[PDB]
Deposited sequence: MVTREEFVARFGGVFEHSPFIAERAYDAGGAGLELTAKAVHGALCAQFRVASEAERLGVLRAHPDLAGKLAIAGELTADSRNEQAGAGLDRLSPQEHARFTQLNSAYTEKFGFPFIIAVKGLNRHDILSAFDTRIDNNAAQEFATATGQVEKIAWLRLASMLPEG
């Protein structure tokens, strides 16, 4: 049986720094889920979707920036072969983006090369607040899936 403490411990980080997502999922009957990425992701997205707009904005803002993800990868391990200069460009593009939108540049990165990312910045910096909020929230969900897929059978 999956206790609360364990579920939240567990899946509290799937939406970065957002354990409330996992708490509410648990109160919606989380412990009865099949422990598969499909099941748990559906359950977690459900809470993310139903959270207030302020709360969703909080999730975006807590999400790590790209350079931070790359550095965590560098602790364990063509996004793996970036320049000192290309790392720096990511940092700069991320500063520009957050200065415009008020949250980091969030992008699911599995299978993506450096160009794919530059392309997405290019397109996305030119959107308005409502479009980027749709895209960013989509991407966060995204990342949730990718995280869960590494931890769980898919379903």
For this session: Take the full deposited sequence, match it to the modelled residues, and report the stretches without C-alphas.
Result: 78-87
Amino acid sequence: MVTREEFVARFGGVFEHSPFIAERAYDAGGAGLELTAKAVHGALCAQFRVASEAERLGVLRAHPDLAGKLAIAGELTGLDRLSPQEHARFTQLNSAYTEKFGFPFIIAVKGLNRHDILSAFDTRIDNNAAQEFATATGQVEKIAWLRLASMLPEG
From here on, numbers count along this sequence of modelled residues.
For this session: For the higher mean C-alpha B factor in the entry, choose 7-15 or 132-140.
Result: 132-140
For this session: Determine, for stretches 82-90 and 22-30, which one has the higher mean CA B-factor as deposited.
Result: 82-90
Exercise. Mind checking which third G42 falls in for C-alpha B-factor across the chain?
Worked result: lowest
Exercise. For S119, does the deposited CA B-factor place it in the lowest, middle or highest third of the chain?
Worked result: middle
For this session: Give the position of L35 by CA B-factor within its chain, expressed as the lowest, middle or highest third.
Result: lowest
